[PDB]
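Participant: One structure follows; several queries about it will come next.
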Amino acid sequence: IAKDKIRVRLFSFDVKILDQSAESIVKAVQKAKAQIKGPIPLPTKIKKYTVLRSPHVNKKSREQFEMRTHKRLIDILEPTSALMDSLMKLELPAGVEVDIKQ
Amino acid sequence: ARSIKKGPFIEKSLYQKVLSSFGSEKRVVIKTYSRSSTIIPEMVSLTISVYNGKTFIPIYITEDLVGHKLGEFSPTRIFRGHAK
Amino acid sequence: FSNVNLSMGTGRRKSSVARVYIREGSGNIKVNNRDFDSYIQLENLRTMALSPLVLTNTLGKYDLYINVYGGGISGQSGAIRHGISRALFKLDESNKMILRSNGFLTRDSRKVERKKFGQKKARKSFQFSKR
Amino acid sequence: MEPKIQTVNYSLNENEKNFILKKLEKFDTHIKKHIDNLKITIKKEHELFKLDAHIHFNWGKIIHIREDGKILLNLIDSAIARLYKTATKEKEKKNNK
Amino acid sequence: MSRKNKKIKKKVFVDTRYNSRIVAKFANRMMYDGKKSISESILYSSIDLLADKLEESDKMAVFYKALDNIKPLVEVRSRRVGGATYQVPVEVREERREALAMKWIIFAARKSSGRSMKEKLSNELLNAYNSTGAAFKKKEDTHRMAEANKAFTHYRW
Amino acid sequence: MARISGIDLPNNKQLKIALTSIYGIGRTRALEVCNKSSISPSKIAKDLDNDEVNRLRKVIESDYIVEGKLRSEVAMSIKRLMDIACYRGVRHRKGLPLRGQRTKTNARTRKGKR
Amino acid sequence: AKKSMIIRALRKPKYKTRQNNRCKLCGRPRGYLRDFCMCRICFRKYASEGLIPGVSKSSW
RNA sequence: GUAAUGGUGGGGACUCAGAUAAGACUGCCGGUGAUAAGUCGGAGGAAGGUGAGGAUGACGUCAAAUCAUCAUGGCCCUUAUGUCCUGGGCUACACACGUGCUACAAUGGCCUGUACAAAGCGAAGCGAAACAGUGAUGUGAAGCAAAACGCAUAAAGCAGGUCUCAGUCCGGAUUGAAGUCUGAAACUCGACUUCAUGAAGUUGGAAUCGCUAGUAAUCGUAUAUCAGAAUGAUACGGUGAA
Ligand SMILES: [Zn+2]
């Protein structure tokens, strides 16, 4: 299969900056000249909350909200120490977060 | 209906009060709050006044009271047998 | 990678999805690695499923394989019906008019509603009892 | 059916309770055989009384009456009289043939 | 008020035993609880039992005729003019004919006394075939009740 | 037309169900009685001979407590709680629910008819 | 809410069965939400204003 | 790989997941309509006349609800109406009304074998394989911050045996005995299991409620609050009409 892979999961609330960080990372690694497996989209996680509207009796009337989490995945072939160091060194706009496994 | 592996429940303060009464020949009344304490067979033949939230209701404990709880014999709300 | 399956299609229903594979043969049907008759136990639903073939007078000369999941028994029957229709279309343009005449190309976008707050169900409401 | 007298933030003198009953026997000669329920809610909210009478008819009609007053006896007199008159009006609605 | 309802489904002409819509409609009227398979099995077994109680090969024929022996012609619909309610006769439509028939057989069979499922319904079906029983009684009752009140037939609006 | 423990069973009834007519016997323990005296539960309570029913009565008053004694110490248990003046005892005394049910709207299967 | 009740909820009980969660913004003892640690009314107000990231209106 | 598992090596074909786009706008055709606006059918098309559902609720009304979520004018208490704890109580009854669940039974009850889902949840939390146990559950720890594993072999259904219109193998309330789990504690005042106990109830008067299609109807599943405890509430799918 492969000697080892770097599994990096991108978590965000916002699709735009999540995507932006995704191409930022893919460009950053192709600069380092490594073969890459495609940014693969994981299912979005939706948590729906239903709350009352009035601060008192009125029960038939309510309101619904979501929290939406968007997830992407990157796989890195043939891990390199310099490649991992650069990945950890990369700075990142707020709202998109990274999880790394060797 | 506790598990067997837990054994009966008796509060510790009530339990060493029971031991002190057991080592005393005087059969003094014990006033208590822990209605949830099980009647352990050792403490048969005592007199305990349990608090039902208003007053201390007394009981003489016989052998057959064993296995119950203290609150079982101190009524907490009174009905006058008529709803008027 | 023989690609013996000459054509392939997909079909959907309430919440079920089926993948259909046309092969050369005597018309045998294989569903989820099980016999078609043993899988779809209701002969009604089996006739339901085989209706596109009887209409396109092609049963008995093409073998079928089906990989179907989701939905209930009726949903899966409808899904495989739709898959057969789409596979026949992918095979031949000649069957297009008759299949569309029977409505086998337009699939039942009809799906279950969602429950709404203040309602016991999608449309049922709580009892009023005004008196 | 027999009438349901409810009260909020107030205490029923037996005088006023049987006053209400004495005003309500007007129904059980003419109207009782035509109604499902007759509720009378008394409230005492702004140093005044608020009365809500309510009647349901056997043919799907619903009568409601809301009033305010200062003295319970006077308020009950006016409200019950209005209720009885509106009930008579609806009965005649239907029986006009 | 906004009439001309959307076109009915009508696509269920049961492709299981007879390619006939009327059997499908009868099974649908039979349904309790949302159990189409149970209804289909009961109806198939019961009509088979009827066809061998009368010993004919063609079951469609006997089933259809036992229906048509109950399908009514003129029914009573109530209107009211000038504070006077009149039970005017009016000619039913064909769809309502099958509906009233099937409803009457189903009600009589369900409320009858019997041992079992297809037992009750086959028994009622042959009673209808022979033009006797609760269903036929109800049909003729509606017929000649409408006929006993034919004076108001000029109120067909 | 066998009689066990004073109760003679309806001959028309499937015997695994017929024994349930004996107080202290329910469906499950009727099943143990059948498979423990080695009589097919499907055999009717009419075609039963005498030696095997002697076997059943052996089983019954060997392993189980039946209407007489069962009534005896259920009444004994009730009176034991009732004379000792416990909550449950005085509850039995009054005629009100024991396990802590509502006693304002839905307690008249014990309270009786309204 | 009652500030003393807020502080007692914050403090350590004799055991966890003695302590109940409260909206520590307003101290409402109930209507609580664990994901946000605050009551339904505080949640509605602040999510409506957009002060709770990630929480928007739900069309179903 | 003998299993059970795409399980293993493999493979982008498909489903699928999620980003970016196309697509349905009376666009086109016929009839009618004041040359109109509109309107009834037809073609194409997954979708046709707002496709279906949700979100979105004008000026104002009812001195409508909330000082008890918060904020707040005035008034009021200041070893008190404040505050720490123990226990009781919010679970009290001759009664009346409203909301639901389970039934009254044959489109069914019970026994055995077998088949098909979706949406969700897991960090003091999920907790598997197995074994003990009729059972509630117990010992154990694999795997997992999880479209990776676990909750979780969904139930109606189907294939057989049995019941025979019987207050019944229908109904499971009520009580007795012995257990399970939670936590320091569950007697008043928890849930669940095993065994017995087997009541009312024969489709319910006047009157009244919900619903136009995946809708009623019914069958299960999941979540929120939560140490523990839902027939309520929120959400999901199965069968599926008139
Ligand atoms: Zn708050």
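Starting from 1 in every chain, residues are counted up; chains themselves are A, B, ... following the order of the structure tokens, and ligands are numbered from 1 as listed.
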Can you tell me which residues come within 7 Å of ligand 1 when counting only C-alpha atoms (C1' of nucleotides) and all ligand atoms, ideally as JSON, numbers by chain?

Facilitator: {"G": [23, 24, 25, 26, 27, 28, 38, 39, 40, 41, 42, 43], "H": [69]}

Participant: Using only C-alpha atoms (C1' of nucleotides), determine which residues lie at most 9 Å from residue 34 (chain A), disregarding the query and same-chain residues fewer than 4 positions distant; provide the list as a PyMOL selection string.

Facilitator: chain A and resi 29-30+76-80+83

Participant: Which chain C residues have any atom within 12 Å of an atom of chain D, and for each, what is the nearest pair of atoms with distance in Å to one decimal, counting only C-alpha atoms, rows sorted by chain and number, as CSV?

Facilitator:
residue,atom,partner,partner_atom,distance
C:129,CA,D:60,CA,11.6
C:130,CA,D:56,CA,8.7
C:131,CA,D:56,CA,5.4

Participant: Do a neighbour search on residue 51 (chain C) at 12 Å with only C-alpha atoms (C1' of nucleotides), toss out local chain neighbours closer than 6 positions, and write the hits as a PyMOL selection string.

Facilitator: (chain C and resi 43-45+57-59+77-78+80-85+99+102-104) or (chain E and resi 14-16+19)

Participant: Mind dumping a table of every region 109-146 of chain H residue within 12 Å of region 7-17 of chain C, with the nearest atom pair and its distance in Å to one decimal, using only C-alpha atoms (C1' of nucleotides), sorted by chain and rising number, as a tab-separated table?

Facilitator:
residue	atom	partner	partner_atom	distance
H:116	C1'	C:16	CA	10.3
H:117	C1'	C:15	CA	8.2
H:118	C1'	C:15	CA	7.7
H:119	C1'	C:15	CA	11.9

Participant: Dump C-alpha atoms (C1' of nucleotides) for the selected residues as a PDB file, in the first residue's frame?

Facilitator:
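Output below, filename result_19.pdb:
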ATOM      1  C1'   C H 116     -35.305  -5.018   4.601  1.00  0.00           C
ATOM      2  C1'   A H 117     -33.880   1.341   7.195  1.00  0.00           C
ATOM      3  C1'   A H 118     -32.826   6.367   8.095  1.00  0.00           C
ATOM      4  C1'   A H 119     -31.441  10.147  11.300  1.00  0.00           C
TER       5        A H 119
END

Participant: Do you have the CA of residue 68 (chain F)-CA of residue 26 (chain F) distance handy?

Facilitator: 15.8 Å
